[PDB]
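Student: Chains as they are written, first to last, in PDB author numbering: chain A, 231 to 561; chain B, 276 to 440; chain C, 1 to 139; chain D, 59 to 173; chain E, 109 to 161; chain F, 27 to 164, 194 to 331; chain G, 58 to 280; chain H, 323 to 427.
The beta-carbon is built from N, C-alpha and C at its ideal position, and this holds for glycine as well.
This is the structure I want to talk about, given as structure tokens.
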Amino acid sequence: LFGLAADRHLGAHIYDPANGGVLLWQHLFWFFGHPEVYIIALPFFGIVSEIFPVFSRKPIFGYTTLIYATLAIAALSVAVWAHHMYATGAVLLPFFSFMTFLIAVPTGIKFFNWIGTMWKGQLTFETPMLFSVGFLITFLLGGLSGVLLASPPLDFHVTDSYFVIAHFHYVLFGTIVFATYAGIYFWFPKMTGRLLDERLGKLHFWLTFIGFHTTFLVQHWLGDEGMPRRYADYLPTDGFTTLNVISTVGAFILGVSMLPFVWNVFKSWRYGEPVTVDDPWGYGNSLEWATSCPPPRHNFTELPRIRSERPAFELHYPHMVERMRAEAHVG
Amino acid sequence: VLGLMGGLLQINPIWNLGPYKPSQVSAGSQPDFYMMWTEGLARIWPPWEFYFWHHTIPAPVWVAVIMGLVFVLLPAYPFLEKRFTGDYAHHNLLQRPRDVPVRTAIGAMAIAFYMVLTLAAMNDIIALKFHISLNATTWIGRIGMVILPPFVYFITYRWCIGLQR
Amino acid sequence: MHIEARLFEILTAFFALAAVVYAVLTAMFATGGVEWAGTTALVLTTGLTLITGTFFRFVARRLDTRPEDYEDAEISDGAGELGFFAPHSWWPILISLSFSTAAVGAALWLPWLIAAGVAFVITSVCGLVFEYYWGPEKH
Amino acid sequence: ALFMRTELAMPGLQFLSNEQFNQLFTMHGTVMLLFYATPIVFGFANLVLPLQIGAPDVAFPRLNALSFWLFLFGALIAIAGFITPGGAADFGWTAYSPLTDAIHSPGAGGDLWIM
Amino acid sequence: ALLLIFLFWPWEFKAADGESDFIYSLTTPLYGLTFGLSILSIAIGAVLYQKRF
Amino acid sequence: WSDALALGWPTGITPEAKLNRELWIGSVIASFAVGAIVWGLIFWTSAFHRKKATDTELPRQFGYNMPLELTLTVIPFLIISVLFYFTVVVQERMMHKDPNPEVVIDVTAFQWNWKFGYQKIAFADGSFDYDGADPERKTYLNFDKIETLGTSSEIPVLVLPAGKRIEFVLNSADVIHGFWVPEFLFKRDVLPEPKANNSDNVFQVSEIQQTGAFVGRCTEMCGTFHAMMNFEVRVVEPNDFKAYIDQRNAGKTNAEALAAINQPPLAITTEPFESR
Amino acid sequence: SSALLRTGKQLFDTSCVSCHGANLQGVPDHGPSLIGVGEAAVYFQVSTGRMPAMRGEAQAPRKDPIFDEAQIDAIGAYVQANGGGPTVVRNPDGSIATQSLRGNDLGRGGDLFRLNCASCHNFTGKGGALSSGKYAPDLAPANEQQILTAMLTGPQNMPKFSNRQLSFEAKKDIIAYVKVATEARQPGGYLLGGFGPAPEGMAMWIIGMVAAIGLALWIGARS
Amino acid sequence: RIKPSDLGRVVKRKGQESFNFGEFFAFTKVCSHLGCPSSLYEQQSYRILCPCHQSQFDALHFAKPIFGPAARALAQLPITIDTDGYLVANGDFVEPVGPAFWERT
Ligand code: HEA
Ligand code: HEA
Ligand SMILES: CC(C)=CCC/C(C)=C/CC/C(C)=C\CC/C(C)=C/CC/C(C)=C/CC/C(C)=C/CC/C(C)=C/CC/C(C)=C/CC/C(C)=C/CC1=C(C)C(=O)c2ccccc2C1=O
Ligand code: HEC
Ligand code: HEC
Ligand SMILES: CCc1nc2ccc(Cl)cn2c1C(=O)NCc1ccc(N2CCC(c3ccc(OC(F)(F)F)cc3)CC2)cc1
Ligand code: FES
Ligand SMILES: [Cu+2]
Ligand SMILES: [Cu+2]
């Protein structure tokens, strides 16, 4: 950006096409821009992996496996930056294509560990669990479309179309929006001392889910037949005038879906069922559910003895450590 | 300090201008910063005139009465405050501005009003250096003149009580 | 600290491998030879992780076991006095305002605004650094 | 995004322009990616990381507030290109190579975007 | 220095585009820079004397 | 049945397009199978294990299943290796660039329209040889003799024969544009100076089976009128193409040269934009 | 080789026809006709960089030029061949005059500038703001031929000064005054931008008052 | 001097239909608010701008004010040519020029 500002305010000949100025900018920008999407993707994986065991009444499946998958995704995210520049005809295609195919694996092991953590538990679907399941579904579909996008001979047709828009909207929405709503509904008591309403939460979730899946699903078909991104107008002689209407109906449903959430937050911050205990979602972990519900300044009045990665669970259920250590390896 | 800044900075270069002639004009026509509020008030006041039998009351009359009202409300403030609060005792110890929230809020509101009027006087310079429309700056001033003072009052009241706590 | 150093060593090894492989695979098989823009970023991210890992390694070799690094430990081990954590301060918002002034003065090319922003940044940073070291007034 | 959708239905330019549409999708992408997601990450971090590791505070407590205020004022600077008569930035979110030059895209919204 | 500058400095208006003077453009800045700085130094010395003796 | 599993891909008018479509269909079916499996797993575990029934102590605290994780980390590697091999094969095939073409077009993209060149015509039949290069260049751009230039009031129509090797040479005057014909199932970026940026601006088409009219779009960010750079492609018979070329050699517009071979003079897939 | 405007109508066809037409006819959506205009209009519009323009709004701004190596001449001759507009001044070599367009009387030039030009720009040629977007730019980086062609062709929202109401001596004297006013020293210290009392009030409040209040804080105790 | 292209958007105030000579109109130059010279003339918006407090008059609609504290139109002067071809005045203003006062405009 400093190079660009120098070029704009001093005429600095840094990015002229006469030099290698057209591909230089793209290389730099995408070397920045793929780690950015992984930056905004990983912590929400963490959030959902942290919500699942509380409502499944089970430990997290494959702790060290999840840690290694995270490290692998991190290491691989910086050496795939050029799968955004297939259509320029100026990159080494097999390298980046193969390495994106490679980065597709650790996400798969992460997904399987989540499904395993939900396997044969005692499920109860309060709003955080509901939003986490929605995240699962939406992210799976988005990642499928992405790994489809990762092959060069197919990106030779679907790039710069609405297929790409549908893909990254699936992944972005399913990750940030759903995991963020899950985290809000999960940690609202631990920061406030109140409880958000649940009927409004279910209404909010269903509105969001329906509107989203109705606004972004038809764009795959809309972009497979020729309609590129970033067009302001099109002709009636072209096709695809009903799909745009369906998409805008879905967008307006998504827009209306935000009123229940802000109403719930506005009412439940001041009124709303107070929390006079630790751990309003029983069977909690992570040492944050072992301090008063609105934590004091400096966060702690006493600490428990730490022996595993579920210290609060072993604090509130001391008759469980023998059974947690005995049958921790059946699988 | 005065000698230094009278030697190093240039003020009023009358030779770049010319002698006064009623037919020519320039673009920056501002007075010194202590009349800029008078100029800004003349700029952002709407064109309300009255025409009745054989006569005319133009717009700058409004500027005249508002100016006079300000100059009359300034010297008569202590008597207003003693009539409103009802306190008539001798005082030799000062007050911290955080212990009197209402007067501090009134003063902050007046200062915000003065700042709006002063900035509305350099419309041309602001719209030229910072790329903003000119009509936009006129309307910004015309609306700020009503909505900025009360906002400043509210914030100043709450801030004073926060300091007390 | 032993595990942080190992993490950074793993990352540095992988990054160096990828950098060398990319360089030698674009030296051949490429349109114009070595690509020269991804190569540089890769060697210097390798250098980043290498610097951090080497510092952690030295600090680990120069240290005795710590209640955090140590299992088997109890809360009576860490009983003591921690460092100094700054309570309330209002200088950050002034630093941000000064930097924003300089940035908007660089966006619209206005040199006087840039000069004012730089002066304000120097003043605010000086205020932040000296906040807990000014002595009582001398009268 | 809602403005974009309601224009994209019903072929023909009903109430927008080409410039305004370009500015709309540029600012939509920019805001949604850089002024909502990257800071919400640190929001959740500042909320529940010290609680989870059992610490009383973050390492540097004033750098925290500095980060928050820098974020807020940078976002406000970048958004304030709509009050310019020419509008906000009109290139893509990605700012491709020669389109963001001085010859092409000469307005005063790209400068505010960059800073 | 103020006295010497006031007595022996080229002060007349010489402006043109042939002989770029640049010596006349420095005649008032020098007056200010010497006068103000001298009296400022005197004031600072006095303040220090009051504060320390 | 296959129009559905193609998700709206237009059928090709080129062999490589048909190979691309075959690969696309196969990969779509594979991904759908994976998604169906995993969605079944999710719906199952949420429909039956949901029973926090009348009775409960606590389910079970198990967390490690080493062989299962090894299995489910070894299978996706093979599943991606198969398709990596296939995609390498197909993308190698689609960029052959045989040395000797038969028609060579010079596509220039400037600010919000196109301009085509007709650089060289040399049939393998020995039936028609022609050279349209020009030292009119008094410097990377190419200038020709027969140039169909589009304007804001007429969609530039490109005419080509059917069943011949075509070669496209892509150059831009100001910024990056995009050259997409949705029927070729292929696209490429039109860079300002493709040689200083180490990009190859040349791709070939083996043959065009079907005749008719096809639309093309720009697929980049050009600026204001990016959505208004459309063109058209008319694929005609070789002898009709020869008649078109020799009637164009005598000074004549594109409209009349198209009308003289009993074809509509204007573009039939696209109309000029009123809202410009 | 003046019988060569094949270049000219080689660059126009690839950089202008999308907004002016193939026959210089003014596409009824964006651009004007460009028939009555001449070589001077093309020279001023392209050499300053305002030409080939992106989206186009209340004011096309000044940018970096695209064309030189004698192709501004090419487009200028091609456009002059389709009308009878004004032409650019030339010196006895055939190049564009720079030095011959400076007059010798600055009093008359300055009086003419204050009467005709200073209303929109400034006393000394700084900028000025017009209504609803548009502004009047600064006169510092424009050379002599650009000043002449600017007041001769009357660009967007700027009035058009013919050679009958503003003779050639008048134009030369105005050029001389502008070029002298932009290159003279400030014989009173650092001028604060060229404008009136707004920078002066700001400099007072942000230099003198902070110095005075800082010395007041240093001298006097706080309690 | 108004371009011959438009010459159809003029509105011609009720008492001054014949005050113009072809494409010449000759309004006054003293702003009708406080008396600064209204000299900023934008040639293709046909707007006159007073630089003192930024009023705007519509040169195509008998100099009617369309922005700011200005409330009265600019006065128009009647013009013609004489037997030799020079521009002369065809009378006087129909009303006082400049700022207003108690008596009348
Ligand atoms: C927040 C997130 C985000 C995430 C997570 C991703 C994830 C991925 N993305 Fe995406 N992407 C974007 C955001 C994101 N992307 C954005 C914003 C753009 C373009 C923006 C711009 O251009 O303007 C983009 C564009 C983009 C492109 C180029 C589009 C172009 O042509 O222009 C490509 C492919 O190269 C791509 C690929 C991938 C791949 C391979 C993944 C993989 O990470 C995902 C793998 C995921 C899975 C879910 C697999 C599930 C695993 C199992 C179930 C095992 C299954 C196994 C087999 C089928 C093998 N992305
Ligand atoms: C993290 C990110 C993110 C999110 C959440 C979104 C959210 C949405 N996006 Fe966006 N989008 C991008 C990232 C994101 N997008 C990116 C990166 C691009 C492409 C960038 C580019 O090309 O440059 C893009 C481009 C893009 C396009 C196409 C632009 C183009 O033509 O190419 C479209 C529409 O088709 C779209 C639609 C939507 C819709 C309908 C939502 C819906 O999710 C949002 C529904 C939201 C609401 C309606 C808010 C509710 C508002 C009201 C209640 C109004 C109230 C008002 C006040 C109180 C102020 N996005
Ligand atoms: C405090 C007082 C005003 C209360 C009066 C009580 C009131 C009820 C009486 C009635 C008054 C009426 C009703 C409304 C008043 C509004 C207006 C019309 C009054 C006219 C004159 C008025 C009385 C003068 C008071 C104005 C006020 C006291 C100014 C003081 C400002 C403060 C205390 C300075 C502190 C230190 C200072 C901030 C140093 C930093 C520099 C900053 C940037 C100064 C800001 C600044 C200023 C203030 C400029 O004037 C200015 C002018 C031209 C260009 C730029 C600037 C500029 O940047
Ligand atoms: C549609 C984008 C566009 C492009 C591309 C363009 N112009 Fe312009 N041109 C305009 C517009 C709009 C105006 C109206 C002047 C104004 O409002 O600033 C104009 C005005 C002009 C004028 C002055 C008209 C007058 O009456 O004085 C000339 C001369 C000119 N253009 C020539 C050119 C040249 C030379 C090129 C470079 C080959 C070019 N145009 C490319 C849009 C464009
Ligand atoms: C407010 C009406 C107005 C008047 C009166 C006026 N100008 Fe302009 N001037 C403008 C506008 C508006 C532009 C910008 C035109 C453009 O950018 O296409 C301009 C542009 C210019 C430029 C180009 C500046 C540059 O850096 O390219 C010059 C030189 C110039 N005028 C000189 C003059 C002279 C000399 C006079 C007096 C005879 C004058 N102007 C009178 C409004 C005016
Ligand atoms: C609008 C101001 C302005 N626009 C511009 C534009 C450009 C430039 Cl460069 C400067 N300016 C300025 C300007 O300089 N403003 C300062 C100013 C304002 C008003 C007065 N007036 C004096 C006496 C009158 C008066 C006299 C007798 C009275 O007695 C009665 F009738 F009984 F009430 C009442 C009022 C009112 C105020 C002086 C200076
Ligand atoms: S004097 Fe013309 S607007 Fe007040
Ligand atoms: Cu791309
Ligand atoms: Cu395009």
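Exposed or buried, which one is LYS288 (chain A) when buried takes at least 16 other CB atoms within 10 Å?
Tutor: With 16 or more Cβ atoms within 10 Å of its Cβ, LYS288 (chain A) is classed as buried.
Student: Output the distance between the C-alpha atoms of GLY127 (chain C) and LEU124 (chain D), rounded to the nearest integer angstrom.
Tutor: Using only the alpha carbons, I get a separation of about 14 angstroms.
Student: Determine the extent of the alpha helix (DSSP H) in which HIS77 (chain G) is found, giving its start and end residues.
Tutor: Element bounds for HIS77 (chain G): 74-77.
Student: Can you tell which of G:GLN67, G:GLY106 and G:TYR135 has the C-alpha that lies nearest to the C-alpha of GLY93 (chain G)?
Tutor: For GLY93 (chain G), the nearest C-alpha among the options comes from G:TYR135.
Student: Is it true that the CB of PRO149 (chain G) sits closer than 8 angstroms to the CB of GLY95 (chain G)?
Tutor: Cβ atoms of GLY95 (chain G) and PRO149 (chain G): not closer than 8 angstroms.
Student: Taking the alpha-carbon positions, what's the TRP171 (chain D) to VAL310 (chain A) distance?
Tutor: The straight-line gap from Cα to Cα measures roughly 27 angstroms.
Student: Note down, in chain order, every chain C residue with its Cβ under 9 angstroms from the Cβ of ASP255 (chain F).
Tutor: What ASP255 (chain F) touches in chain C: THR31.
Student: As a quick exercise: from G:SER58, G:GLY106 and G:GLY140, pick the residue whose alpha carbon is nearest that of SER90 (chain G).
Tutor: Out of G:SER58, G:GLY106 and G:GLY140, G:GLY140 has the C-alpha closest to the C-alpha of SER90 (chain G).
Student: Please compile the residues from chain C whose C-beta is within a distance smaller than 9 angstroms of the C-beta of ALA166 (chain D).
Tutor: Chain C residues near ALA166 (chain D): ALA107 and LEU108.
Student: Counting only beta-carbon atoms, is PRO137 (chain E) nearer than 8 angstroms to chain G?
Tutor: Yes, because at least one Cβ of chain G sits closer than 8 angstroms to the Cβ of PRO137 (chain E).
Student: Chain A partners of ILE172 (chain D), CB-CB under 7 angstroms?
Tutor: Result: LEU231, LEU234 and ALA235.
Student: Specify the secondary structure class of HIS232 (chain F) as computed by DSSP and reduced to three states.
Tutor: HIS232 (chain F): strand per DSSP, three-state reduction.
Student: Can you tell which of C:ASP77, C:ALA27, C:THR12 and C:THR49 has the C-alpha that lies nearest to the C-alpha of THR39 (chain C)?
Tutor: Per the Cα distances, C:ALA27.
Student: Which stretch, first to last residue, makes up the alpha helix (DSSP H) that contains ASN304 (chain F)?
Tutor: Element bounds for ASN304 (chain F): 293-304.
Student: Of the residues G:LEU249, G:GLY253 and G:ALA278, which one's Cα is nearest the Cα of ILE264 (chain G)?
Tutor: Selected option, being the one with the closest Cα: G:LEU249.
Student: Assuming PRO376 (chain B) contacts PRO391 (chain H) under a Cβ cut-off of 8 angstroms, what Cβ separation, rounded to an integer in Å, is found between them?
Tutor: That pair is no contact at about 37 angstroms.
Student: Less than 7 angstroms separating the Cβ of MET266 (chain G) from some heavy atom of ligand 3?
Tutor: Yes, the Cβ of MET266 (chain G) comes within 7 angstroms of a heavy atom of ligand 3.
Student: Within 8 angstroms of any Cβ in chain E, is that where the Cβ of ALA238 (chain G) sits?
Tutor: So, not an interface residue.
Student: Beta carbons nearer than 9 angstroms to chain F: which residues of the stretch 81-106 of chain D have them?
Tutor: Going along the stretch 81-106 of chain D in chain order, one finds no residue with a Cβ nearer than 9 angstroms to chain F.
Student: So is the beta-carbon of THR521 (chain A) under 7 angstroms away from any non-hydrogen atom of ligand 8?
Tutor: No, the Cβ of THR521 (chain A) stays beyond 7 angstroms of every heavy atom of ligand 8.
Student: Measuring CB to CB, does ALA228 (chain F) end up less than 8 angstroms from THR308 (chain F)?
Tutor: Not a contact, by the Cβ cut-off of 8 angstroms.
Student: According to DSSP, is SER98 (chain C) helix, strand or coil?
Tutor: Here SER98 (chain C) sits in helix by DSSP.
Student: Mind listing, in chain order, the continuous alpha helix (DSSP H) runs of no fewer than 4 residues lying wholly within the stretch 337-388 of chain H?
Tutor: Qualifying alpha helix (DSSP H) stretches: none in this window.
Student: Would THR64 (chain D) pass as an interface residue toward chain B - the criterion being a Cβ-Cβ separation below 8 angstroms?
Tutor: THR64 (chain D) does not count as touching chain B.
Student: Looking only at its chain, what residues have a beta carbon closer than 6 angstroms to the beta carbon of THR444 (chain A), apart from the 5 residues adjacent to it on each side?
Tutor: Result list for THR444 (chain A): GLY480, in chain order.
Student: Can you determine whether any heavy atom of ligand 9 sits closer than 7 angstroms to the C-beta of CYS273 (chain F), and answer yes or no?
Tutor: Indeed, a heavy atom of ligand 9 lies less than 7 angstroms from the Cβ.
Student: Less than 6 angstroms between C-beta atoms, sequence neighbours within five positions excluded: which residues of the same chain meet that for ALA385 (chain H)?
Tutor: Correct list, in chain order: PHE349, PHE379, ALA395 and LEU396.
Student: Below 8 angstroms, can you find three or more Cβ-Cβ pairs linking the stretch 244-253 of chain A to the stretch 261-275 of chain A?
Tutor: Segments in contact, no.
Student: Which chain D residues sit within Cβ distance under 7 angstroms of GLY413 (chain A)?
Tutor: Simply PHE102.
Student: Using the beta-carbon count (16 or more within 10 Å), is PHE121 (chain E) buried or exposed?
Tutor: Exposed, because fewer than 16 other Cβ atoms sit within 10 Å of the Cβ of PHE121 (chain E).
Student: Beta-carbon of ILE92 (chain G) versus every beta-carbon of chain E: anything under 8 angstroms?
Tutor: It does not; no Cβ of chain E falls within 8 angstroms.
Student: According to DSSP, which residues form a beta bridge with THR412 (chain B)?
Tutor: Looking at the DSSP assignment, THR412 (chain B) forms no beta bridge with any residue, so it has no partner.
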